[PDB]
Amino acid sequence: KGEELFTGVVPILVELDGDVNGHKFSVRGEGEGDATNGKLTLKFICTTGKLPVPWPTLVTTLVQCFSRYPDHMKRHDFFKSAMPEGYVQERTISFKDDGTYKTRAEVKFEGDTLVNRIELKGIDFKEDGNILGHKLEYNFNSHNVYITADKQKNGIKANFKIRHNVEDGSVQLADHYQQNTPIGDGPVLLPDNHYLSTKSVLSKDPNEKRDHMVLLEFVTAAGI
């Protein structure tokens, strides 16, 4: 089934077209995913020049099918079950006391490559807030992503709070509301309530002159 497509290392392509407060930008990422170890490694470039938002605000938008599900929880892995045809992932991300992102993404195999293609629209951001003011630290906390089935849509929902460290010591909260639905008509696994535990390390490539992000991520399912 879909899980068989993830037994080894899978190439990943990420494409994002964004508009935040009228600032239009694009990001391209390339790397690999190793779901057996729940591991992602990717490098992202802003292909339009300077990114108009902080890189950390785009991490969650920029492939949960790479999560490591323990053997006893494999029947709850919706993400792999939807492959290779894939799924649509939609979110609203509400930054507390600031703007909102709305995103729609399709995650699917194109041959041997797992592709995540995303449209993002951001509105109502404060000009000198933490986002457009670039006041967020270049780091990423560990989170729990809470997943529940959405039987009526043959999919899932998720809700979680991202904590972005601010340079002044405060924390910028980003509330995430997520829904995923299969692209194909084949059967998928609808899960019992559980969560994904995430760990992320953001870095730079010292030889890279373009605006970019190097990302390492480990993600593991738990709670059943």
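Start at 1 and count along the sequence shown; that's the residue number.
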{"property": "Deposited residues omitted from coordinates between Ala174 and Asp175, as a class", "result": "none"}
{"property": "Mean Cα B-factor comparison, 138 to 146 or 74 to 82, giving the higher one as deposited", "result": "74 to 82"}
{"property": "91 to 99 or 150 to 158, whichever carries the higher mean Cα B-factor", "result": "150 to 158"}
{"property": "Criterion, highest CA B-factor; candidates, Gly31, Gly49, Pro54, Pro182", "result": "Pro182"}
{"property": "Chain-wide C-alpha B factor ranking for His194, given as lowest, middle or highest third", "result": "highest"}
{"property": "For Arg210, the third of its chain into which the C-alpha B factor falls", "result": "middle"}
{"property": "Chain third (lowest, middle, highest) by recorded CA B-factor, residue given as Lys108", "result": "middle"}
{"property": "Third of the chain's Cα B-factor distribution that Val188 belongs to, per the entry", "result": "highest"}
{"property": "Third of the chain's Cα B-factor distribution that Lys121 belongs to, per the entry", "result": "middle"}
